[PDB]
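Peer 1: Got a structure for you, written out below as structure tokens; questions coming shortly.
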Amino acid sequence: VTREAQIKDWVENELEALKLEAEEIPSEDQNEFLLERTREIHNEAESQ
Amino acid sequence: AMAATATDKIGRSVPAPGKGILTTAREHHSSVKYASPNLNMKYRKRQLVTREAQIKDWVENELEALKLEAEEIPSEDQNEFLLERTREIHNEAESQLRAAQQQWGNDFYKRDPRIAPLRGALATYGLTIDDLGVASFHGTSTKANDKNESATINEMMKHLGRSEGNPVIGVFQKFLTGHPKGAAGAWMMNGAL
Amino acid sequence: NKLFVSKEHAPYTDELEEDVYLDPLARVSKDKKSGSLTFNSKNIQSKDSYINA
């Protein structure tokens, strides 16, 4: 449960970063990118 | 970095080979526009140093707790207890890191469909499919093996994005020796080195 | 005496043999023609799922 917090606070600090990043990079061809990384996040968070 | 075996289905017919290995190139090209950052080491590095802090701040919050605990429990038969748990801490802290590596350094692709093991067998060293210089072949001198041992190579490079004009060089270590039935893979795994 | 039913044709077809071999999210499905389980080109390197996992 300890690391779970760590695994939990980790994504928010990561998904928040897709905001300043995932739409500052591209056009609004965006959720195809989010889904490409958000999915990964939710996945990486799982395996982590 | 990679090793595998493969097969169609039940022991059904022996004397003919096939696709089986192509699955070492399984990956989901469904959408390749947004790059998979996992291949960029730097990304994988930050995640690591990140948890290292977590692995680092974790012990202090744990070793500090042996203070209020490890001498409030016993007599001063203490460092035999500390050493029993401190050691463990320093150890648990270790293993709690070398798990982060394999999430970020080695086993960062098993749990990803859109990266076949082979890219991830190599990307882990900053390599690319385009650096698979060579391929040692079963090279038996059969009508099919040499024919089907060679098609597949095409796909698994036709599928992983091997730059047109980056062929891989057929080595055939068998014109000398023969077919050592079960020994081959070494003779050709020796050559390789 | 029908516990054992020799497969005579695999789910994949020779045309799809390798389109699966490293598209790892190829789930076979029901073939209402046969009732059997056979792959379809509708779910092969379908980036619909090729990232979903």
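If you're wondering about the labels, chains in the structure tokens are A, B, ... by order shown, residues count from 1 in each chain, ligands from 1 in order shown.
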Using only C-alpha atoms and a cut-off of 10 Å, which residues of chain C sit close to chain A? Please list them as number ranges by chain.
Peer 2: C: 51-53
Peer 1: Restricted to N, CA and C atoms, what would the selected residues look like written as a compact mmCIF listing (two decimals), in the first residue's frame?
Peer 2:
# COMPACT_ATOMS: atom_id res chain seq x y z
N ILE C 51 -2.39 -1.45 -29.48
CA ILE C 51 -1.90 -0.64 -28.37
C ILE C 51 -2.74 -0.84 -27.11
N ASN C 52 -4.01 -1.22 -27.27
CA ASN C 52 -4.91 -1.38 -26.13
C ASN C 52 -4.34 -2.29 -25.05
N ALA C 53 -3.38 -3.15 -25.38
CA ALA C 53 -2.78 -4.05 -24.40
C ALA C 53 -1.40 -3.55 -23.98
Peer 1: What are the closest atom pairs, with distances in Å to one decimal, for all residues of stretch 121-176 of chain B lying within 12 Å of stretch 34-52 of chain B? Consider only C-alpha atoms, order rows by chain and residue number, and present the result as JSON lines.
Peer 2:
{"residue": "B:121", "atom": "CA", "partner": "B:39", "partner_atom": "CA", "distance": 10.9}
{"residue": "B:122", "atom": "CA", "partner": "B:39", "partner_atom": "CA", "distance": 9.8}
{"residue": "B:123", "atom": "CA", "partner": "B:39", "partner_atom": "CA", "distance": 6.2}
{"residue": "B:124", "atom": "CA", "partner": "B:41", "partner_atom": "CA", "distance": 7.6}
{"residue": "B:125", "atom": "CA", "partner": "B:41", "partner_atom": "CA", "distance": 8.6}
{"residue": "B:126", "atom": "CA", "partner": "B:41", "partner_atom": "CA", "distance": 7.1}
{"residue": "B:127", "atom": "CA", "partner": "B:39", "partner_atom": "CA", "distance": 9.8}
{"residue": "B:128", "atom": "CA", "partner": "B:39", "partner_atom": "CA", "distance": 9.8}
Peer 1: For the selection just defined, write its residues with N, CA, C and O atoms to a file, as a PDB file, in the first residue's frame.
Peer 2:
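Result file is selection36.pdb:
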ATOM      1  N   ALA B 121      14.534  -6.238 -27.413  1.00  0.00           N
ATOM      2  CA  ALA B 121      15.738  -7.002 -27.151  1.00  0.00           C
ATOM      3  C   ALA B 121      16.975  -6.192 -27.452  1.00  0.00           C
ATOM      4  O   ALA B 121      18.061  -6.522 -26.971  1.00  0.00           O
ATOM      5  N   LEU B 122      16.823  -5.141 -28.220  1.00  0.00           N
ATOM      6  CA  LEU B 122      17.922  -4.375 -28.752  1.00  0.00           C
ATOM      7  C   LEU B 122      17.847  -2.918 -28.359  1.00  0.00           C
ATOM      8  O   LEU B 122      18.866  -2.317 -28.020  1.00  0.00           O
ATOM      9  N   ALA B 123      16.650  -2.344 -28.382  1.00  0.00           N
ATOM     10  CA  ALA B 123      16.479  -0.967 -27.965  1.00  0.00           C
ATOM     11  C   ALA B 123      17.008  -0.753 -26.566  1.00  0.00           C
ATOM     12  O   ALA B 123      17.494   0.336 -26.247  1.00  0.00           O
ATOM     13  N   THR B 124      16.941  -1.783 -25.737  1.00  0.00           N
ATOM     14  CA  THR B 124      17.498  -1.723 -24.402  1.00  0.00           C
ATOM     15  C   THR B 124      18.955  -1.308 -24.396  1.00  0.00           C
ATOM     16  O   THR B 124      19.449  -0.859 -23.359  1.00  0.00           O
ATOM     17  N   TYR B 125      19.652  -1.462 -25.514  1.00  0.00           N
ATOM     18  CA  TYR B 125      21.019  -0.991 -25.660  1.00  0.00           C
ATOM     19  C   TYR B 125      21.114   0.179 -26.617  1.00  0.00           C
ATOM     20  O   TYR B 125      22.199   0.484 -27.118  1.00  0.00           O
ATOM     21  N   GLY B 126      19.997   0.838 -26.885  1.00  0.00           N
ATOM     22  CA  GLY B 126      20.004   1.903 -27.852  1.00  0.00           C
ATOM     23  C   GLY B 126      20.176   1.436 -29.269  1.00  0.00           C
ATOM     24  O   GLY B 126      20.408   2.259 -30.158  1.00  0.00           O
ATOM     25  N   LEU B 127      20.080   0.136 -29.506  1.00  0.00           N
ATOM     26  CA  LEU B 127      20.189  -0.388 -30.848  1.00  0.00           C
ATOM     27  C   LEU B 127      18.878  -0.233 -31.592  1.00  0.00           C
ATOM     28  O   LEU B 127      17.888   0.300 -31.086  1.00  0.00           O
ATOM     29  N   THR B 128      18.881  -0.734 -32.817  1.00  0.00           N
ATOM     30  CA  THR B 128      17.717  -0.721 -33.671  1.00  0.00           C
ATOM     31  C   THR B 128      17.763  -1.972 -34.515  1.00  0.00           C
ATOM     32  O   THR B 128      18.813  -2.589 -34.695  1.00  0.00           O
TER      33      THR B 128
END
Peer 1: Considering only C-alpha atoms, give me a table of residues in chain B that are at most 9 Å from chain C, with the closest atom pair and distance in Å for each, as CSV.
Peer 2:
residue,atom,partner,partner_atom,distance
B:9,CA,C:10,CA,8.7
B:19,CA,C:18,CA,6.2
B:20,CA,C:21,CA,6.8
B:21,CA,C:21,CA,7.3
B:22,CA,C:21,CA,4.9
B:23,CA,C:22,CA,4.0
B:24,CA,C:22,CA,6.2
B:25,CA,C:22,CA,4.5
B:26,CA,C:22,CA,2.4
B:27,CA,C:23,CA,4.9
B:28,CA,C:50,CA,3.6
B:29,CA,C:47,CA,5.7
B:30,CA,C:47,CA,2.3
B:31,CA,C:47,CA,5.2
B:32,CA,C:47,CA,8.5
B:111,CA,C:53,CA,7.7
B:112,CA,C:53,CA,6.5
B:113,CA,C:50,CA,5.9
B:114,CA,C:51,CA,5.7
B:116,CA,C:22,CA,7.3
B:152,CA,C:18,CA,8.5
B:155,CA,C:18,CA,8.2
B:156,CA,C:22,CA,8.2
B:159,CA,C:22,CA,8.6
Peer 1: Name the closest residue to residue B:87 among the candidates B:118, B:66, B:168, B:134; distances are taken between atoms, counting only C-alpha atoms.
Peer 2: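 Residue with the minimum atom-to-atom distance to residue B:87: B:66.
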Peer 1: Using only C-alpha atoms, determine which residues of chain A fall within 8 Å of chain B; present them as a ChimeraX atom specification.
Peer 2: /A:6,32-33,36-37,47-48
Peer 1: Based on the selection just made, write N, CA and C atoms of those residues as a PDB file, in the first residue's frame.
Peer 2:
ATOM      1  N   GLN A   6       2.891   5.786  -3.870  1.00  0.00           N
ATOM      2  CA  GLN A   6       3.929   6.147  -4.823  1.00  0.00           C
ATOM      3  C   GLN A   6       3.501   5.835  -6.248  1.00  0.00           C
ATOM      4  N   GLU A  32      -5.501  10.948 -29.886  1.00  0.00           N
ATOM      5  CA  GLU A  32      -4.755   9.871 -30.516  1.00  0.00           C
ATOM      6  C   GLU A  32      -3.336   9.801 -29.984  1.00  0.00           C
ATOM      7  N   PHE A  33      -2.820  10.922 -29.482  1.00  0.00           N
ATOM      8  CA  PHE A  33      -1.525  10.926 -28.820  1.00  0.00           C
ATOM      9  C   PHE A  33      -1.683  10.614 -27.336  1.00  0.00           C
ATOM     10  N   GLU A  36      -2.261   7.290 -26.802  1.00  0.00           N
ATOM     11  CA  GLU A  36      -1.032   6.558 -27.066  1.00  0.00           C
ATOM     12  C   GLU A  36      -0.109   6.590 -25.855  1.00  0.00           C
ATOM     13  N   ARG A  37      -0.199   7.647 -25.044  1.00  0.00           N
ATOM     14  CA  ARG A  37       0.664   7.756 -23.872  1.00  0.00           C
ATOM     15  C   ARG A  37      -0.127   7.570 -22.581  1.00  0.00           C
ATOM     16  N   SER A  47       1.968  -2.091 -14.368  1.00  0.00           N
ATOM     17  CA  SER A  47       3.163  -2.911 -14.234  1.00  0.00           C
ATOM     18  C   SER A  47       4.072  -2.386 -13.140  1.00  0.00           C
ATOM     19  N   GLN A  48       4.087  -1.073 -12.933  1.00  0.00           N
ATOM     20  CA  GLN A  48       4.862  -0.508 -11.841  1.00  0.00           C
ATOM     21  C   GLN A  48       4.268  -0.852 -10.488  1.00  0.00           C
TER      22      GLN A  48
END
Peer 1: For stretch 80-83 of chain B, list every protein, DNA or RNA residue within 12 Å, evaluated using only C-alpha atoms, and leave out those in the same chain fewer than 3 positions away; present the list as an MDAnalysis selection string.
Peer 2: chainID B and resid 62:77 86:91
Peer 1: May I ask for the distance between atom CA of residue B:131 and atom CA of residue B:183, given in Å to one decimal place?
Peer 2: 27.2 Å
Peer 1: Need to verify the contact set: residue B:184, 9 Å, only C-alpha atoms, exclusion of same-chain residues closer than 6 positions in sequence. Can you return it as a PyMOL selection string?
Peer 2: chain B and resi 138+173-174+178
Peer 1: What does the file look like for those residues with N, CA, C and O atoms, as a compact mmCIF listing (two decimals), in the first residue's frame?
Peer 2:
# COMPACT_ATOMS: atom_id res chain seq x y z
N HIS B 138 20.07 -22.00 -40.22
CA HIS B 138 20.02 -23.45 -40.14
C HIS B 138 20.71 -24.05 -41.35
O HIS B 138 21.50 -25.00 -41.22
N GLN B 173 26.93 -21.99 -41.98
CA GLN B 173 28.06 -22.65 -41.36
C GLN B 173 28.05 -24.15 -41.59
O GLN B 173 28.79 -24.87 -40.92
N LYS B 174 27.26 -24.62 -42.54
CA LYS B 174 27.00 -26.04 -42.67
C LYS B 174 27.64 -26.64 -43.91
O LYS B 174 27.78 -27.86 -43.98
N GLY B 178 28.16 -30.14 -41.89
CA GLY B 178 27.04 -31.00 -42.14
C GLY B 178 25.89 -30.57 -41.27
O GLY B 178 25.80 -29.41 -40.86
Peer 1: Out of A:34, A:1, A:7, A:45, which residue has the shortest atom-to-atom distance to residue A:19 when counting only C-alpha atoms?
Peer 2: A:34
